[PDB]
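Reading the sequence shown from the start, the letters are residues 3 to 125, 127 to 261 in the deposited numbering. Ideal Cβ placement from N, Cα and C applies to all residues, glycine included. Below: one structure, written as structure tokens.
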Amino acid sequence: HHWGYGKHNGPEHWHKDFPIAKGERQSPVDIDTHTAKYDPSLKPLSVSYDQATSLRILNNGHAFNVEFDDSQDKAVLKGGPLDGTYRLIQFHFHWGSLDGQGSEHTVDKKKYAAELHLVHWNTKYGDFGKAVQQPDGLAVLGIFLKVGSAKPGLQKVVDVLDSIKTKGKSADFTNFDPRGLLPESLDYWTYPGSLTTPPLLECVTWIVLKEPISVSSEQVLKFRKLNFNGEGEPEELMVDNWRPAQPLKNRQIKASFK
Ligand SMILES: [Zn+2]
């Protein structure tokens, strides 16, 4: 009986095992575009994914991750509200059973069809496990997905989903270029937050791009064909694996644009 997104183990139950679920800087949050403060002291983001080395794709039971080689500064994220260099370690999505929901972050209470999170850890802390234990250990780049035209660069990821249908399964997934999942513009919002899955640690600096990317109904539809369960167990479709918005409390959302 461990956490999940079902009725009995959903987000509204998480606080019982992870008391921090009711913390002061939890995520996601609703982004109010009229209360967000334009900070002109922010530098533009610097995304260097040219030497990115993907390695494996995996169904962990919660979402499917695409892992990268982070033994060196191959794919890094700097600039923006960040100090120091952050290494890309993995990216994953959050989607709904319908196109009217799926994103964790909301814009003016608006829900997108899904949300992509590229997870990075501050290289100053040596490794991921030490990073998560720091207030500025992680920097996550969030990207909203709306159903429309197809995103070519996402097709490779979609094709292999059949090979990682259930929890535990993983498949070699080399030579994938994450730059094909980026929108045209890098304008964003930023605020201090946390992971959106247990342990729900509050070590993340969120960077949520203003511009969403388009994916076809067919692409998002294949995500929903995934299972929460493991092979040989009753089938539970992997849908609605997003956490609802949390209280903003003592926090302000800064934008890099106006
Ligand atoms: Zn996530």
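Beta-carbon proximity check, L148 vs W97, cutoff 9 Å:
In this structure, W97 lies closer than 9 Å to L148 by Cβ.
Heavy atom of ligand 1 within 8 Å of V143 beta-carbon:
The answer is yes for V143.
What separation, rounded to the nearest whole angstrom, lies between the Cα atoms of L224 and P215?
Going by the C-alpha atoms only, they are around 18 Å apart.
Let me know the secondary structure DSSP gives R182 once reduced to three states.
DSSP, reduced to helix, strand and coil, places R182 within a helical segment of the structure shown.
Alpha carbons only, please: which of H15, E187, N253 is nearest the one belonging to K154?
Comparing C-alpha distances from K154 to each of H15, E187, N253 shows the shortest one belongs to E187.
Less than 8 Å between the CB of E69 and some heavy atom of ligand 1, yes or no?
No, since every heavy atom of ligand 1 falls outside the 8 Å radius drawn around the Cβ of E69.
Closest residue to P202 among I22, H15, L120 (Cα-Cα distance):
Of the listed residues, the one whose Cα sits closest to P202 is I22.
Would you check whether ligand 1 has a heavy atom nearer than 8 Å to the C-beta of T200?
In this structure, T200 has its beta carbon less than 8 Å from a heavy atom of ligand 1.
Measuring only the C-alpha atoms, how far is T125 from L198?
Their backbone Cα atoms lie some 18 Å apart in a straight line.
When the Cα atoms are used, what is the spatial distance from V109 to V218?
About 19 Å.
Spatially closest choice to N230 from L189, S220, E221, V242, by CA coordinates:
Nearest C-alpha to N230: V242.
With a cut-off of 8 Å on the beta carbons, I'd call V143 and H119 a contact; round off their distance for me.
At roughly 5 Å, the Cβ-Cβ gap stays under 8 Å, so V143 and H119 are in contact.
On the DSSP bridge assignment, give the partners of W123 in chain order.
Answer by DSSP bridge pairing, in chain order: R89, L141.
Quick one: any contact between the stretch 48-56 and the stretch 74-85, if contact means 3 or more CB pairs under 8 Å?
Contact check between the stretch 48-56 and the stretch 74-85: three or more CB pairs, one atom from each, fall below 8 Å, which counts as touching.
Buried or exposed for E205, going by 16 or more other Cβ atoms inside 10 Å?
So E205 ends up on the buried side.
By the DSSP assignment, the alpha helix (DSSP H) with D162 in it spans what residues?
Unbroken alpha helix (DSSP H) run through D162: 158-163.
For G82, the three-state DSSP class (helix, strand or coil):
Coil.
In or out: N253 buried (at least 16 other Cβ within 10 Å) or exposed?
Counting Cβ neighbours within 10 Å, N253 comes out exposed, since fewer than 16 surround it.
Any heavy atom of ligand 1 closer than 8 Å to the Cβ of residue 262?
Because the chain in this structure spans residues 3 to 261, residue 262 falls outside the shown range and cannot be described.
Whose C-alpha, out of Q158, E239, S73, is nearest the C-alpha of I91?
Measuring from the Cα of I91, the nearest candidate turns out to be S73.
For ligand 1, is there any heavy atom lying closer than 8 Å to the beta carbon of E205?
No, ligand 1 has no heavy atom inside 8 Å of this Cβ.
Identify whether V49 lies in helix, strand or coil by the three-state DSSP scheme.
In the structure shown, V49 adopts extended strand secondary structure according to DSSP, grouped into three states.
Any non-hydrogen atom of ligand 1 closer than 8 Å to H94 Cβ
Yes, Cβ of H94 sits closer than 8 Å to a heavy atom of ligand 1.
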